[PDB]
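Asks: Protein chains in written order, with full-length UniProt numbering: chain A, 435 to 482; chain B, 52 to 482; chain C, 1158 to 1170, 1198 to 1396, 1402 to 1494; chain D, 1158 to 1170, 1198 to 1205. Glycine is no exception: its CB is placed at the ideal position from the N, C-alpha and C atoms.
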Amino acid sequence: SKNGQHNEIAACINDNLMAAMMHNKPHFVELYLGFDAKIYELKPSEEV
Amino acid sequence: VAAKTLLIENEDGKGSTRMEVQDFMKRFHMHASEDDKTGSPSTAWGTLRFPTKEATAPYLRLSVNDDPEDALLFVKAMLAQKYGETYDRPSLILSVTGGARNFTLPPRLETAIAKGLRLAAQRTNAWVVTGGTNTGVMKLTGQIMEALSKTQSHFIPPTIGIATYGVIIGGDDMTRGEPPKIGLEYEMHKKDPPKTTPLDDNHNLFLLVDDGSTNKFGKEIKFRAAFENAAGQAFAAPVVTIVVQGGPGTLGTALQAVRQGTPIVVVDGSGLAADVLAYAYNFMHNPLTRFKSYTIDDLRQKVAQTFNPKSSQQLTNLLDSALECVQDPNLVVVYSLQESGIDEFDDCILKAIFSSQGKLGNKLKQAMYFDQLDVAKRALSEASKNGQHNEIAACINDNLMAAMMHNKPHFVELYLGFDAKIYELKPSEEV
Amino acid sequence: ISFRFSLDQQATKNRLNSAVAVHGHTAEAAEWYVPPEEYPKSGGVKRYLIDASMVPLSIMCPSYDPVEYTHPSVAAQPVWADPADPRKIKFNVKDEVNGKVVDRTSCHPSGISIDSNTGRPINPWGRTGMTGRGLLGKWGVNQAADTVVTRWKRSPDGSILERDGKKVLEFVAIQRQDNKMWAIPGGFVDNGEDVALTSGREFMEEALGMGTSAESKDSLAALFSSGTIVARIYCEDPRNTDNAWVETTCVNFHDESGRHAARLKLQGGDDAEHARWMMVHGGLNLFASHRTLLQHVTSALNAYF
Amino acid sequence: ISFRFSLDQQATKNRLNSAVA
Ligand SMILES: Nc1ncnc2c1ncn2[C@@H]1O[C@H](COP(=O)(O)OP(=O)(O)OC[C@H]2O[C@@H](O)[C@H](O)[C@@H]2O)[C@@H](O)[C@H]1O
Ligand SMILES: Nc1ncnc2c1ncn2[C@@H]1O[C@H](COP(=O)(O)OP(=O)(O)OC[C@H]2O[C@@H](O)[C@H](O)[C@@H]2O)[C@@H](O)[C@H]1O
Ligand SMILES: [Mg+2]
Ligand SMILES: [Mg+2]
Ligand SMILES: [Mg+2]
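Given below as C-alpha cells:
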C-alpha cells in the first residue's frame, strides 16, 4: 500500500479473495475486502 | 419574496445597522477587460438553485482589490437575515485545499480523512472554506457536508466556495440580466464554449473573484487567505488549512497561509505536494533518526518530479516557496495517516490551534470541543508554571460557562480546581 | 538508533575528477557575475548589457560602452558621501578625510588602478556595464561589515539537529526594506570608526531595533566578546558599478552553549522589516554574496552546508 | 539524555572584540 503499485494489487485481490472464500479464512476476507476490493468483481477459475 | 434592506454589522462590532442593499453592494467592482484597473460595478449577486438540493446558495462575483472585511460583512448580513440576529457564531474556520484533478486516492485512506474531518466539523460547528468548483477534494468535502446537512436540527454550517471567475460555464448567465437574481437555473451539463469548469452543487455560498482573464486559475488565493484572516480576527476563531494532495497553487496557498499567520496541517502520505511539504518540514525540524539522510538535492528532485517546472528559475522559485512554508515550526503540523493511528488527526488539528496566535481561554474552549482532557490539563499546568495569572483568571469564568453549556463535567472539575470562583460567572448577552 | 548512527559517523573519517565521462565536457564556468539590467531604486534606469564571458580585464572586449549614472541622493552631498571630483585622493592605503580614517584598501592581489583621464578608480574584479557611483556614496571600495550571529539548531529535548552527518547551525536573518529579500545584518563603515563597532552597531540597529536592557546587554557583550573574522571578500551586490563596489568583512559570533542567543528579543528596526532564526543550507536565496559568507562560517565551524 | 548531551559536547570543539558597540 505504501509503495504504490495499485494496478497489480487490484488485479490480484479478486482471486486472492476467491481463494480465501474456498479455503475458509474469514480474517483474510476482511483483510482483502478492506483494501479496495469490489465484492462484485470476483471471477471463477474455469470457463462455463 | 425578495429582500430590499439588509442588516450590515458595524465596524465597532457592537450591533448591526440596517442599510439598503445597493448602498452596501456599491463598493464591489468588476473588470470588463484585463487592461482595466479602476473597473465598473459588478451587479452579479443573488442565489443559485441546484438540482436535488432543497436550499438555494448565494453568489457574489467580486474583484481582487475589494476589501475582504466587506465580503465578511456581506456573509454576516445573509446569515443574520436568514437565521436571526442570534445565529451560531463559528469557533473554528476549516480551510480544505488541494488537488482539483490529480486527487487520486485509495477508498480506505479517503474514508479515514473524511471520517476525521466529519467528526471535527460536527463537534466544533466549523465553517469550511474550500474551492467553488465541482472537482476533487472540494467536491469530496462538499459530499461530507451534504451528509452533514441532513442533521443538527435547524442550523446548517456554511460551505463557502471561493473560486476564480472566468472558468465557470454559467458566467455568461450571471452576467446577462438585471442585478437581483433569486431563482436562477444552473446547468452543469450544458456545453458552454470557452470554459469547462462547473460549480459544486453542495456548496452553500460562492465568491467568484475576478481580475480580468479567461481560463486562468489561481487569482483568488491571496483574497481567500486575507478573508480567512479577517474572519479569524472578527469571530476570535483559529483558522486551520489542511493540505491533501495538491498542485503548485496549493503550495502558493500554503505560502499565503504561513505569511498571514494561519497554521497549516499537512497530511503526509496523502499526495505528492503533501510529501514535498512534509519532507521539507521533517528535514528542517524533526529530530527523529530516519530524517537525518534528508538533503536539498532529493527535495529538489521531488519538486522537479511533482510540479514539473521545466526551467531552473521556476524550480528555484518553487523550491524557495516550499522551504519558505516550513520556516516557522509552529505553523506547520504534519499528520502521518499511513504511519500513525486512525484517531489522531483531531489531535494534530488541536496542536495547530494551540500553536497559533490566540487567547488561552478560547484555545481551552476549542480543546473542550474536541474532548481532549489531557491536552487541556497539560496546557493548564504549563500556564500555571509560567505565571500569567491575570489572563487565566480573566478567561476561566467564560471557559467554565462554555463547559456548563456543552456538557463537559471533567472540564468543570478542571476549571474549578484552578482558582475559579463559582460566583463570578457571567452571561454572554445583556439583559 | 541515534547513538549507533552518531558512533558510525564518528568512526568514518591523488585527486581525480571523472565527471567528464558522464556529461561529455568539462564544467567550463568560473561562475562570473553579471548584475541585473534595471538598477534598483533608480526609476527604471538601465545599464549597458554585457555577457558573462566578457567581464574580466585580461580579455580585450572592444565594444564596451558603459553608462555614467549617479543617484540624486548621492549627488546631494551628505556627510557619508565622498566628493564628486575624485582628484587628489590616495587609494590602497588608509586615507584621512576630515580627520577621520577610511580604509580604502581592496583584497584583490593586483590592487586598484587609477584612470588617467578623470581620476576615478577602476574595479579589478571585472566589468559591470555601468560607470559613476550610483547608489554608493564612496569612490572605490565600500568596506561593509556583516555580523553572522550563530547558534546550534537544537530540538526541545536539547539534542543538536544533525543532517548529512554534520551538526546544523542557525543564523539571524533580516528582511531588507528595498527589495524584500532576506539577508545577513550589516552595513557600510562610518567615518572615524572600525569594523568591530560598525558590525555590532548594525546588529543592534537592524536585528534588535536598539535605539532607532543593562545586564542582558552585558550578556550580549559576553556574546560579542568572542568573534572570529572568517572572510574578507568581494560582494556580488547588484548596486555595484565600475567606480564604486562593495567589499565585505564577515564577523562570526558563535554561541556554543546557546545561553546568550536565547536572550535576544528579535524585533526589526532601521532598514529591516522582520528578523528571524533561519537554518543554513545550499538552496538559500539571499542578497549579494551572503551564501558564500554562510559557506565560510559553516566551513570554519565544520557545520552542514 | 545524559549520554546524548555528553556526546554533543564531545563533538563541539583573527580575534576581534566588538563589545565597544
Ligand atoms: N480551483 C480549481 N478548480 C478546478 N480546477 C483547477 C483549480 N485550480 C487549478 N485548476 C486546474 O485543474 C488542474 C488540477 O489542479 P491541481 O494541479 O490538482 O491543483 P492546483 O493546480 O494547485 O489547484 C489548487 C487549487 O485548488 C484549491 O484547493 C486552491 O484554491 C488552489 O487554488 C490544474 O492543472 C489547473 O489547471
Ligand atoms: N558608503 C555608502 N554607500 C551607500 N550608502 C551608505 C554608505 N554609507 C552610509 N550609507 C547609508 O546607509 C543606509 C543603509 O544602511 P546600511 O546598513 O549601511 O546599508 P545595507 O544595505 O544594510 O548594508 C550594505 C549591505 O550590502 C551588502 O553588500 C553588505 O554585505 C551589507 O550587508 C543607506 O540608506 C545610506 O543612506
Ligand atoms: Mg543592513
Ligand atoms: Mg546602516
Ligand atoms: Mg543599516
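1) Please list, in chain order, all residues with a C-beta atom less than 7 Å from at least one heavy atom of ligand 5.
2) Could you name the residues of the region 1449 to 1470 of chain C whose beta carbon sits closer than 9 Å to any beta carbon of chain B, in the order they occur along the chain?
3) Below 8 Å, is the gap between the Cβ of B/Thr304 and the nearest heavy atom of ligand 1?
4) Assuming B/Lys232 is part of the beta strand (DSSP E), what are its boundary residues?
5) Just how far apart, CA to CA, sit D/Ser1159 and C/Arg1161?
6) Flag this pair as yes or no: are the beta carbons of C/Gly1384 and C/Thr1437 separated by less than 9 Å?
7) At the 9 Å Cβ level, is B/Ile315 part of the contact set with chain C, yes or no?
8) Applying the criterion that 16 or more other CB atoms from any shown protein chain within 10 Å of the CB defines a buried residue, is B/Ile233 buried or exposed?
9) Is C/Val1435 close to ligand 2? I mean its beta-carbon at under 8 Å from any heavy atom of the ligand.
10) In this structure, what does DSSP give as the bridge partners for B/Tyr110?
11) Please determine, among B/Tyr216, B/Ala285, B/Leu328 and B/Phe286, the residue with the shortest C-alpha to C-alpha distance to B/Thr304.
12) Which same chain residues end up closer than 7 Å to C/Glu1222 when comparing Cβ atoms and leaving out the 5 residues on each side of it in sequence?
13) Quick one: list the residues of chain B neighbouring C/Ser1339, beta-carbon separation under 7 Å, in chain order.
14) Output, in sequence order along the chain, the residues in the region 174 to 185 of chain B whose CB is closer than 9 Å to any CB in chain C.
15) Measuring CA to CA, which of B/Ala454, B/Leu388 and B/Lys428 is closest to B/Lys416?
16) Does B/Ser344 come within less than 9 Å of chain C when only Cβ atoms are used?
17) Check whether the Cβ atoms of B/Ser372 and B/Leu323 lie closer than 9 Å to each other.
18) Could you give the distance in angstroms between the alpha-carbon of C/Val1285 and the alpha-carbon of C/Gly1376?
19) So which residues of chain A does residue 521 of chain B contact, with C-beta pairs closer than 8 Å?
20) Considering only C-alpha positions, which residue in the set B/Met239, B/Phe257, B/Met76 and B/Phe358 is nearest to B/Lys55?
21) Are the beta-carbon atoms belonging to B/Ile213 and B/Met239 less than 9 Å from one another?
22) Does any CB atom of chain D fall closer than 9 Å to the CB of C/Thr1382?
23) Should B/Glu271 be listed as close to ligand 1, given that the test is whether its C-beta is under 8 Å from any heavy atom?
24) Is C/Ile1358 close to ligand 3? I mean its beta-carbon at under 8 Å from any heavy atom of the ligand.
25) Tell me, which residues are paired with B/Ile393 by DSSP?
26) Output, in chain order, the set of chain B residues within a Cβ distance shorter than 8 Å of C/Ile1158.
27) What do you reckon, is the C-beta of C/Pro1256 under 8 Å from a heavy atom of ligand 2?
28) Give the secondary structure of D/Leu1164 by DSSP, where H, G and I count as helix, E and B as strand, and everything else as coil.
29) Please state the DSSP three-state secondary structure of C/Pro1305.
30) Pull up the CB-CB distance for residue 486 of chain B and B/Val291, whole angstroms please, since I reckon it's below 8 Å.
31) What do you reckon, are the CB atoms on C/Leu1490 and C/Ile1368 nearer than 9 Å?
32) In chain B, which residues lie with their C-beta within 9 Å of the C-beta of C/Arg1360?
33) Determine, using beta carbons only, whether B/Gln356 comes closer than 9 Å to chain A.
34) Specify the secondary structure class of A/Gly468 as computed by DSSP and reduced to three states.
35) Please list, in chain order, the chain B residues whose beta carbon lies closer than 9 Å to that of C/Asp1348.
Replies: Let's see:
1) C/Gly1371, C/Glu1386, C/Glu1389, C/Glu1390, C/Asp1459 and C/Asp1460
2) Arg1465, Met1467, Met1468 and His1470
3) For B/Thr304, the shortest separation between its Cβ and any heavy atom of ligand 1 lies below 8 Å.
4) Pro231 to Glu236
5) 16 Å
6) no
7) no
8) exposed
9) yes
10) B/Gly97 and B/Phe257
11) B/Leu328
12) If we look at C/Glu1222 and ignore the five residues flanking it on each side, its Cβ neighbours are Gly1228 and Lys1230.
13) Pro338
14) none
15) Of the candidates B/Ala454, B/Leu388 and B/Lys428, the residue whose Cα lies closest to the Cα of B/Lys416 is B/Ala454.
16) B/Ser344 has a beta carbon lying within less than 9 Å of a beta carbon in chain C.
17) no
18) 5 Å
19) The displayed coordinates of chain B run from 52 to 482. Any statement about residue 521 of chain B would go beyond what the structure contains.
20) B/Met76
21) no
22) yes
23) Correct: B/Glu271 has its Cβ closer than 8 Å to ligand 1.
24) Yes.
25) Partner(s): none; B/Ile393 has no beta bridge.
26) Those are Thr340, listed as they occur along chain B.
27) no
28) helix
29) strand
30) Not covered by the structure: residue 486 of chain B. The range shown for chain B is 52 to 482.
31) At least 9 Å separates the beta-carbon of C/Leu1490 from that of C/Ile1368.
32) Per Cβ cutoff of 9 Å: no residues; C/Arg1360 is ~16 Å from chain B at best.
33) no
34) helix
35) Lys343, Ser344, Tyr345 and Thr346
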